[PDB]
Amino acid sequence: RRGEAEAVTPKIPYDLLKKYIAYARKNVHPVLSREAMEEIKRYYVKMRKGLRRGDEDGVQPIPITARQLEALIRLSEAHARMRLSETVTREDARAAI
Amino acid sequence: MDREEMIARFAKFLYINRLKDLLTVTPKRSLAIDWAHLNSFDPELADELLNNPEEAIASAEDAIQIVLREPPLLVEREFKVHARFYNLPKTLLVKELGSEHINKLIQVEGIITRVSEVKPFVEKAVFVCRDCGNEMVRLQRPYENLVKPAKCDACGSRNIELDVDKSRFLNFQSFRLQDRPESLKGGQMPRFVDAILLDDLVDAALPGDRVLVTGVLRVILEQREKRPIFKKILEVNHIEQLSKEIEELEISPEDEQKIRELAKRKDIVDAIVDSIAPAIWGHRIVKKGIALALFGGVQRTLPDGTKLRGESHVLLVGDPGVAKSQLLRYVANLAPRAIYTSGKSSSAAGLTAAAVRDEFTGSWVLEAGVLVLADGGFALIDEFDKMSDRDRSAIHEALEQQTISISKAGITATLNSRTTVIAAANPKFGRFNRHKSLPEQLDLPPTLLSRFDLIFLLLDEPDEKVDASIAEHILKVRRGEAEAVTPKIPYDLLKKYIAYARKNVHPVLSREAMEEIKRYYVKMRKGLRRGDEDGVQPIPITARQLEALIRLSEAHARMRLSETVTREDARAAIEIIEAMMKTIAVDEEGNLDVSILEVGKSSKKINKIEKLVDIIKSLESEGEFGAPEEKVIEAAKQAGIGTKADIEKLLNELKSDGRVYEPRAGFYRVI
């Protein structure tokens, strides 16, 4: 309310980030790598070894399913789109975990 | 224009033996003039017939009457014979039909969905009046309304009435033509055109039958603002059936050598299973049964009065939350004449046929459902448990007798339902339970479940085992790489492969395959152990399942383009049946056909003697309301029926059907 620049002015301008969104979706596209898919294998099997049977009661829904995996690899390419590095990595997929 | 010139050109054109054979028969009142003979005589006469269709048809009306009164050919009784055009140069479709073809002669292919009954109709309506001898002539259309003079033309006596003596009366029948499902790609909706049938065109075909019509696209109700010419009318001139090869697929002789090359190719059975839906990983037993349902067996005909079916209906029960429809969507892209619908098909007829009310005419109109339009093909239905009450009654006749018999006021039909049904029904609960039977977790009736040949339990992985680990690696390749989602046989080539086998290949069982099926049947029937007395006895295998084993054996020989069924096709069909009979239709260790009655035989032996000890305590009357519920459960635990749980769960299904009701808390009596 008082108008300090440290609490109001961001790091990059709003017009620069608005051009950063439309430009990143056109040219660069994240593709899957070998080291990034291995990190998703350790997270998926850990969430449903016994925690699958513990969560459901026979008719209760599963915490993580094949449709839930589509929500993870979409966020894996989402974290790499902010970097625009065109490849996903193990630390990039870990940010999606 | 040139209406008088078209009379002299049609008189010179009027082939002669067809007109000479027309006068010998009395009910036939129409000559079928081909368009190729019209183009050879005068192409400008055929060009004028298209732009002005009404005056050129009427020019064909009177010119055939001069030929009927010719000095070579003279008949004293000269009835107005209609002219019929056989094959127009352009064959239109319903989806490509537009407003340019109004008042234009067109040839539209399609399939009948709606039908109406025979009803009279006045063509030339003359009107007489009382207290005056004046008359007036008025012509009317079946789509147009009956016109009425408000007053008389002579004096205006306000006594205008229709006289039926001098009026010309014709027959009327309105049907609806929709797009064919084999010519409609997925993602498109079929359009509808409401047509009419006049005096000779009445009762030309049935609903669910594909016809090729040639007619003048008339129009009606051109209100200025009240209504924007919403109604269109195809005044059908000549009708025929387009099932003449045109309906068949476009199988090329270059591709026919590629089809026979797949038969010589090793592991073609393994190649077809991998080609059918390679995007979804796993379910190879389900993929084999779907491939065995995509092909069929030979429909053998018996002189006793029935016909052996060759359709292998497969219902995919599965689980809610697993894919369950990508197998339905890829097969509907692959199977010929496939109509991918849901359980709620958003129609008044549904999956079966029904008689509905028409908005164009107040008469009753019979609508053909999904199981009628897909005749000779496939009807892939999703959410099969949520199905209508009228559809639940006619689903038994449509899957055994392949007919849908619906009776209405003046409407009676026996429309054929020879459709291989690949259905999918979600369970009513949250997930499938292995400790309960299959029809106890399904909304379908028990008699409907026995109609299907193969049932597959598409259950997810119960733990994070090695099956779930390699299911992850294929999905990363599918989404991120898209390199192992291509099939060994492409979709257009495999679609030509299935239709070539179902049309040409008709295998026959051999003596080695007959010995393998007979040995497996007597081995399973001898496996029953007589462990129960004074009750209903379990049966290991029903002879209805023996007919399903023959249909799966002939589909395996049709899968690799073989004209004979060896014992390898028999042993493959037994292993699919034995894998099917172990997941579903299984009492505790006895593989019992529980599908025929929705309950086990041990469950019937439990429930019958539970009501028996409920009856003998009701006459003894230990409680005030006969037999107490507390007294009947401790004697059941004494007799060995079970604990306090399973008898309590046995009595709620007793009052739901009316076997053993409960008067109050702690009391239970039988009816």
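Residues numbered from 1 in each chain as written, not as in the entry; some residues may be left out. Chains lettered and ligands numbered in written order. Part of a larger assembly, values for the part shown. Heavy atoms only, no water. Residues with missing side-chain atoms left out of burial classes, pairs and counts.

- In terms of determination method and resolution, the entry is listed under cryo-EM at 3.26 Å.

1. Quick look at the overall build of chain A
- The helix and strand inventory of chain A stands at 6 helices and 0 strands.
- The helix and strand sequence of chain A, counted from the amino end, reads α-α-α-α-α-α.
- For chain A, the C-alpha radius of gyration of 19 Å lies well beyond 13 Å, the compact-globule estimate for 97 residues.
- Considered along the principal axes of its C-alpha atoms, chain A spans approximately 55 × 40 × 20 Å. (Helix = DSSP H or I, 4+ residues; strand = E, 2+ residues; numbered from the N terminus. Rg over C-alpha atoms; globule rule 2.2 N^0.38 Å.)

2. Some remarks on helix α6 (residues 253-264) of chain B
All names here are of chain B.
- Helix length check: α6 (12 residues) gives 17 Å between terminal C-alpha atoms against 16 Å at 1.5 Å per residue, within 8%.
- Three or more residues of α6 are buried, namely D255, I259 and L262. The buried residues of α6 occupy an angular sector of 55 degrees when the element is viewed end-on, so they sit on one face. Relative to its buried face, α6 has exposed residues pointing more than 90 degrees away, namely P253, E254, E261 and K264.
- Where α6 is buried, its residues meet α7 (268-275) and α15 (491-503). (Expected span 1.5 Å × (residues − 1). Buried < 20%, exposed > 50% of the residue type's maximum accessible area, 1.4 Å probe, protein only. Arc of directions from axis to C-beta. Contact = heavy atoms within 4.5 Å.)

3. Quick word on the environment of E77(A)
- Within the secondary structure, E77(A) is located in helix α5 (residues 66-83).
- A relative accessible area of 13% means that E77(A) is categorised as buried.
- Residues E77(A) and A96(A) lie 19 residues apart in sequence; the distance between their C-alpha atoms is 8.9 Å.
- In contact with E77(A), not counting residues within four places along its chain, are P30(A), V88(A) and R479(B).

4. Concerning the interface of chain A and chain B
- Listed as interface residues are 19 residues of chain A and, on the opposing side, 18 residues of chain B.
- Per-class residue counts for the side of chain A that touches chain B are 10 nonpolar, 1 polar and 8 charged. (Nonpolar A, V, L, I, M, F, W, Y, C, P; charged D, E, K, R; others polar.)

5. Topic: the packing of aromatic side chains
Residue and element names in this part refer to chain B.
- Using the criterion set out here, one finds 7 aromatic pairs over all chains in the structure.
- With a centroid separation of 4.6 Å and 40 degrees between ring planes, the pair formed by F13 and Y15 is classed as tilted.
- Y15 sits in the partly exposed class, given a relative accessible area of 30%.
- With centroids separated by 6.0 Å and ring planes inclined at 80 degrees, the aromatic side chains of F384 and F452 adopt a geometry described as edge-to-face. Of the two residues, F384 sits in the loop between β16 (378-382) and α11 (389-393) while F452 sits in the loop between α13 (446-449) and β20 (454-456), which places them 68 residues apart along the sequence.
- Note on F384: relative accessible area 1%, which makes it buried.
- A residue is classified by how much of its surface remains accessible, and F452, at 5% relative accessible area, is buried.
- Chaining the aromatic ring pairs together yields one cluster made of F13, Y15 and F41.
- One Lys or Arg, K436, reaches over the ring of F429 and ends 4.1 Å from the middle of that ring. (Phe/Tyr/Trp six-rings, centres within 6.5 Å; stacked < 30°, edge-to-face > 60°. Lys NZ or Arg CZ within 6 Å of the ring centre and 35° of its normal.)

6. Considering the environment of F456(B)
Residues and elements named next belong to chain B.
- Among the structural elements, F456 can be located in strand β20.
- A relative accessible area of 5% means that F456 is categorised as buried.
- With 167 residues separating them along the chain, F456 and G289 place their C-alpha atoms 8.4 Å apart.
- Those residues within four positions of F456 in sequence are excluded, and the remaining contacts are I285, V286, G289, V314, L315, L316, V317 and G318.

7. Here's the deal with unusual backbone geometry
Residues and elements named next belong to chain B.
- One non-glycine residue with positive phi stands out, namely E245, at about 70 degrees.
- Along the chain, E245 falls in the loop between β11 (231-240) and α6.
- Positive phi, close to 60 degrees, is recorded for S621, a residue that is not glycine.
- Following the sequence through the fold, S621 ends up in the loop between α19 (601-620) and α20 (629-639).
- Overall, the relative accessible area of 36% leaves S621 in the partly exposed class.

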